[PDB]
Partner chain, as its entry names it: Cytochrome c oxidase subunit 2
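Let's start with one chain on its own, the form solved without the partner chain, as structure tokens.
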């Protein structure tokens, strides 16, 4: 039995379920209340962050890595989504999980001119293990749409055209 603070998240998931088709058909709606683990990661300047620091906003939490081919390919879309919808009620939190060479993802984002995402990172890649433990990280990338209480609305095991019409419509619906 999940955290009852996450019941509104389930209702939200049920409300937007019809919108999960086309580009976002691989998004699986939450069917039970599920509080995500309070992921711990760093910002671009190495300051500690936690998922709960972002409570109060709807979020798309993404895990990506430079060694992940479909992840590199979807970073521009995530950046674009960030630019379209980031505001008082929504943010994309893309967390890099490279463990080998910390300068590599920074160079990747810079050469790709992706600056709206900042540079969240977990050089231990523990955040992947945390989501794997609740059955929400089956591969890479993994992205979870999270409500203002840190609860699961939906999870996708794979990449998506996140700046597409289908994706924006779904995210806006989840937010408001």
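Positions refer to the first chain, counted from 1.
Missing here is the form deposited with the partner chain bound; even so, the following discussion is about that form.
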For this session: Would you mind picking out the stretch of 46 to 54, 25 to 33, 144 to 152, 105 to 113 that comes within 4.5 angstroms of the partner chain in the bound PDB entry, counting non-hydrogen atoms?
Result: 25 to 33
Exercise. Pick from 131, 68, 59, 117: which residue has any heavy atom within 4.5 angstroms of the partner chain in the bound PDB entry?
Worked result: 68
Exercise. So in the bound PDB entry, are 13, 92 and 169 all sitting within 4.5 Å of the partner chain, heavy atoms only?
Worked result: no
Exercise. Within a 4.5 Å heavy atom cut-off, is residue 139 in contact with the partner chain in the bound PDB entry?
Worked result: yes
For this session: Would you please decide whether residue 83 lies within 4.5 angstroms of the partner chain in the bound PDB entry, comparing each non-hydrogen atom pair?
Result: no
For this session: Could you confirm whether residue 9 comes within 4.5 Å of the partner chain in the bound PDB entry, counting heavy atoms only?
Result: no
